[PDB]
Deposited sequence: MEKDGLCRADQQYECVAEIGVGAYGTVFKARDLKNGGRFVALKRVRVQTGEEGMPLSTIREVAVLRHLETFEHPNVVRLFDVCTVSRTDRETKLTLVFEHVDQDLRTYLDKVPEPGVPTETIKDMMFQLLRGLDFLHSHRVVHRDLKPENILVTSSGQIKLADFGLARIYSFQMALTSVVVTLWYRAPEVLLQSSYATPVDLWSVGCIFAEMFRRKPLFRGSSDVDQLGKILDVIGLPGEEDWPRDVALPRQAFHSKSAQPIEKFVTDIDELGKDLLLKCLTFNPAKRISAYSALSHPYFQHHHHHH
């Protein structure tokens, strides 16, 4: 494509590469140019879902400017991710109302995706973008040290389920991280990540542990659920309630993005 000039590599990329490029036909604005290889109905369907979502132009998801044919996806460029934002915020950290605003915007973007049956499945500060105006935009969904591990829901770690609640667990981890400015659960393997989660939330009821999984409840020896204020010190009463509703072991009992939008923490 001689309409885009690649200036820097944003990353890779299970089946392609993403570049920061100059959009030569639209005033030379920056775009995130993703080139995806093909070896396919599964892939065609996924890009149709992406194009359909773009018709709504939701304020909390990145704009998809163009799709070209081996597949070129052109998105609006955002200068920073939430990881970079949190790394640069000076002491004593992110202001209370800014944490509230960013979390509300994040849940609005996720509620949009979940209402159109799209599950992000890889929600982390690296793919939550922060615009120059302070707007939160979700990115890197709908296709296909491992930072991903730290935001994985117990049901993904156990290999039991992958429904919309998976993203609400990641929201909970990110919410706690907005205050801490360090990951809540920093594990080095699937089993270890689950162990570190249960050391904080405690062992769930025996009936809440999923059936037909390799890791039984008996493999974890967490004595008690610790108070979340020990790990998230500046969090208020309402924020604590919303956080624990996100960090609920059983995905059926976990708060949805829709209900989280109505939580008294945002009133």
Any chance you could give me the deposited-sequence numbering of all the stretches lacking C-alphas?
1-9, 49-54, 85-92, 168-178, 302-307
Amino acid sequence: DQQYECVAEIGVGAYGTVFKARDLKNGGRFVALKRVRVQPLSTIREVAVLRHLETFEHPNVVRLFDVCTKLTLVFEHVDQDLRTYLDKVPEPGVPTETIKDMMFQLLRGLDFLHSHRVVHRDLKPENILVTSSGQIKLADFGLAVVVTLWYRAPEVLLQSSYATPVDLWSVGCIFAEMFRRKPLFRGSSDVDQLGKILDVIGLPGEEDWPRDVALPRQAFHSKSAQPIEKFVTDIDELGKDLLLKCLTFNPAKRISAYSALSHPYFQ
From here on, numbers count along this sequence of modelled residues.
In the PDB record, does 183-191 or 97-105 carry the higher mean Cα temperature factor?
183-191
Comparing average C-alpha B factors as deposited, tell me which of 80-88 and 192-200 sits higher.
192-200
Looking at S115, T148, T131, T72, which has the highest Cα B-factor in the entry?
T72
Of the three thirds of the chain ranked by Cα temperature factor, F175 occupies the lowest
CA B-factor ranking of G205, expressed as a third of its chain
highest
Split the chain's modelled residues into thirds by Cα B-factor; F30 lands in the lowest
Taking only the Cα B-factors deposited for this chain, tell me whether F141 sits in the lowest, middle or highest third.
middle
Chain third (lowest, middle, highest) by recorded CA B-factor, residue given as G239:
middle
